[PDB]
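As structure tokens, one chain now follows by itself in the form deposited in one PDB entry.
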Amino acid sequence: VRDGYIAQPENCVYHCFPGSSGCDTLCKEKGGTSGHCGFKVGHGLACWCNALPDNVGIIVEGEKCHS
């Protein structure tokens, strides 16, 4: 499983509300069993997840965010 900063997979980041509430809940439904905030310098403020399955996709850079 992955531990990374969580995004929406299109080379993006999420943004967090400092605490669990928002993207820790998103982390649960995406399937990470702890979720936190983070800052991913290169993008900006991001969320973080631990133990996401291989089918989840997260921050990438090489591109920049598109959706």
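Residue indices: 1-based, along the sequence shown.
There is another form of this protein, the form solved in complex with a partner chain, and it is not shown here; the text below is about that form.
- Looking at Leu52, you'd find every heavy atom of it more than 4.5 angstroms from its partner chain in the deposited complex.
- Within 4.5 Å of any heavy atom of its partner chain in the deposited complex lies no heavy atom of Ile58.
- Although the partner is absent here, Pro18 is not a contact residue: none of its heavy atoms lies within 4.5 angstroms of its partner chain in the deposited complex.
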